[PDB]
Structures are given as structure tokens and as C-alpha cells.
Amino acid sequence: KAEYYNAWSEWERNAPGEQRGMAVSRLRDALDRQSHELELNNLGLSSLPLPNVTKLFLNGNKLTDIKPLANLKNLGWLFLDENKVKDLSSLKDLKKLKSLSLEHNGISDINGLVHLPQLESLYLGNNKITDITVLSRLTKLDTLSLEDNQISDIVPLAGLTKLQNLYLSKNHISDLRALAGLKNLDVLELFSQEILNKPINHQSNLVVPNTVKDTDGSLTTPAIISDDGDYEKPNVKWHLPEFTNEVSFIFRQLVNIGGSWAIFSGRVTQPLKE
């Protein structure tokens, strides 16, 4: 009991020249009243110093180390938006966790999340994620937000049949074939994809195969083509008598998956050399 207040005061005294005093006050109130909710939102905390706490609010801080949360096995809801958390293996034993929010954290390695197969909602919007392989194990998710990342391979999502809300806008998605089986979807977002092809040699008669495919595998007909190019399936064609550094084309197609209807929109950019 006394060791808890001692550790909290020692943590507060180590604040750099951050509202650690308010954090200590809230910790004392939660420990005294045996509260199940701990709200430490927007305290600028750069570090961290309760068996009944089930919801932990930590949005709006500067946390990089989440080791002090490793033994909070009663946690059901954990919010860590706008932090700087990069390692997630510290949550491997939070087997009661149902909801997890890690938006605006700049995270690229989400492999540790393979240790939370019971998760029901997962928010990873606005990060640096490319590989979502381990997400294939989270077969109990009904909400998954992956918007504003660098994801190009969404095949790991093909078996997550329980999904009802899926946010995939602002990524590098060009192939929706992996989503064809998610017939339980209610909300789906797929707009503003940015696809970058490998650089190819410039030609006066430039021919670029279209690679944008819908959920049926059919090529998406481009909506706009730069440099007066045209489309004759499967090829986008340009006449470039003078060299230019890049061409591009923008696509926009309505897609229906389950009970969800979404605009699959984006832009493919083709760099040219020589």
C-alpha cells in the first residue's frame, strides 16, 4: 500500500522541465475507491510508474515504453492514441483485452498483436504499417481500422469473416480480391489509395498493364488518365514523343461486399527513366 504511493511520488518527482501530479492524484483516487476505470488522457506523460481497473485511457501522451502494463491482466479496453509506442510484445498476456487503440503512434511492427487473438476491435489508423500478416490470426475482430498506412497486401484479411467495420482508406491497395469473402461487412472504406509502380523505361509508345482489380479479380477501368493516355483492357497506353518523368491514372469504382457499399478510389503512378 505505502510502496504504491512511494513509487508514484518518486515517478512524479522525476518529471522533466507533463502533468504527473494529476496522474498521481487520479491513481490515488482509483486505488482508494477501487475504481474500474483509469483516465489519464492528455497528460503529456513520457513514462509510466490495481486489479479492478478494466479500462485504461492513455490517449494524448508521449509514451514509448508500455512495460508497466504487462501485468494488468484484467484490462478489457486500452486506448493509447497519439503516443509513440513501437513495441507491442508487452501486451502479450492481456488475454481479457477486447478493444485496443494505437492510432497516431508511427508504429511499423505489429507482430506482437498475434498474442491477442481474442480482440474484438482494433484501431491502427495513421501509422507506418506495411505487413499485416499476423492479423490473419485475429479471427474474432468485428472492427478493424487500418486507414492511413502503407499496406499493399491485404490477403491476410481474407479469412476474417466476422468483420463488420473495416477501414482501409489511404493505403497502397490495388487488389480487392482478398475482401470477396467478407460477407458480414456493414461499413467499408477504400478511398484515396496511392499505388507506385516500379520505374520502367520511357517509350514513345508507352504501354503499361493495368493492375487495379476489384473483388471479382476484374481490372478496374481507369477514370482519368494523364498525358492524353487511353485505356484498352488490359493496357493503359500513351504516346510520349518527348520524355517525361512520370505518368499516372486515377480510378474510382463502386464495390459491394456483404451489406457494405464503398468507393474504391485511388491513383497509380508510373515513373519513367532515360
Side-chain angles (χ1 to χ4, degrees), residues 81 98-104 110 113 117 119-161 163-197 208-226 229-236 248-270:
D81 297 335
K98 292 321 198 272
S99 186
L100 179 56
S101 210
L102 283 134
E103 310 218 314
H104 287 295
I110 74 167
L113 291 205
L119 268 191
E120 285 167 22
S121 54
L122 171 56
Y123 305 99
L124 295 160
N126 299 287
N127 289 117
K128 316 222 179 115
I129 297 162
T130 61
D131 205 330
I132 60 169
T133 303
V134 302
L135 286 193
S136 70
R137 303 316 202 252
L138 266 58
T139 64
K140 287 180 206 182
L141 286 180
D142 55 62
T143 313
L144 172 63
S145 166
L146 289 170
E147 65 184 356
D148 288 271
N149 280 101
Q150 294 153 80
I151 307 168
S152 56
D153 188 0
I154 61 184
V155 171
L157 302 184
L160 309 189
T161 322
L163 277 177
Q164 321 176 254
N165 313 311
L166 181 53
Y167 309 91
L168 294 170
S169 54
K170 281 287 262 283
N171 279 98
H172 308 336
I173 290 163
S174 82
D175 185 2
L176 299 181
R177 270 177 307 180
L179 305 199
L182 316 172
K183 275 293 170 223
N184 285 124
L185 281 167
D186 286 337
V187 182
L188 169 74
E189 305 197 350
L190 296 158
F191 48 82
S192 303
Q193 310 300 142
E194 279 285 339
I195 297 126
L196 164 58
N197 300 349
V208 171
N210 181 18
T211 39
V212 188
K213 293 165 217 162
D214 54 16
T215 64
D216 297 304
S218 305
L219 289 170
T220 301
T221 284
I224 306 280
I225 309 165
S226 71
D230 42 25
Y231 179 71
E232 205 190 29
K233 170 182 145 283
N235 299 310
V236 202
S248 63
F249 51 91
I250 290 166
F251 68 92
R252 205 164 191 280
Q253 162 172 27
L254 195 71
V255 304
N256 166 49
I257 302 163
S260 69
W261 293 74
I263 283 284
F264 173 45
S265 87
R267 156 187 277 203
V268 167
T269 295
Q270 181 59 254

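Count residues from 1 along the sequence.
For the residue pair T133 / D131, a side-chain donor-acceptor distance below 3.5 Å is found, with atom types taken as modelled. Using a 3.5 Å distance cut-off with no hydrogens or angles, the side chains of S99 and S121 do pair a donor with an acceptor.
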| Verdict with supporting geometry, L179 and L168, side-chain contact (heavy atoms from CB on, under 4.5 Å) | CA-CA 11 Å; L179 305 199; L168 294 170; 4.1 Å; yes

| said: One pair to check against side-chain contact (heavy atoms from CB on, under 4.5 Å): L144 and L157. What are the steps and the verdict? | reply: CA-CA 10 Å; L144 172 63; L157 302 184; 3.8 Å; yes

| task | Determine, stepwise, if the pair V187 / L166 fulfils side-chain contact (heavy atoms from CB on, under 4.5 Å). | result | CA-CA 6 Å; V187 182; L166 181 53; over 6 Å; no

| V208 and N235: side-chain contact (heavy atoms from CB on, under 4.5 Å), yes or no, with the steps? | CA-CA 6 Å; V208 171; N235 299 310; over 6 Å; no

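Applying the salt bridge (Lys or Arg N to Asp or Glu O under 4.0 Å) criterion to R137, with sequence neighbours excluded, gives no partner residue. In terms of the ring-ring contact (aromatic ring centres under 6.0 Å, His included) criterion, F249 has no residue partners (sequence neighbours excluded).
Considering every non-hydrogen atom in both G125 and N149, the closest pair reads CA-OD1, 4.2 Å. Of all heavy-atom pairs between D81 and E103, the closest is OD1-N, 2.9 Å. Closest approach of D214 to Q253, counting heavy atoms only: OD2-NE2, 3.6 Å. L185 and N165 make their closest contact through CD2-N, 4.3 Å (heavy atoms, listed as atom of the first residue, atom of the second, distance). Looking at every heavy atom in both residues, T139 comes nearest to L160 through CA-CD2, 4.0 Å. Of all non-hydrogen atoms in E194 and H172, the two that sit nearest each other are O-ND1, 3.0 Å.
Pairs engaging residues 257-268 under the side-chain hydrogen bond (donor to acceptor under 3.5 Å, both in side chains) rule: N256-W261 [sequence neighbours left out].
By the 4.5 Å heavy-atom criterion applied to side chains, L122 and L135 are counted as neighbours. Side chains of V212 and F264 form a contact here, defined as non-hydrogen atoms less than 4.5 Å apart. Looking at heavy atoms from C-beta onward, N171 lies out of side-chain contact with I154 at the 4.5 angstrom threshold.
Side-chain atoms of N210 come within 3.5 Å of backbone atoms of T220 as a donor-acceptor pair (strictly under, hydrogens ignored).
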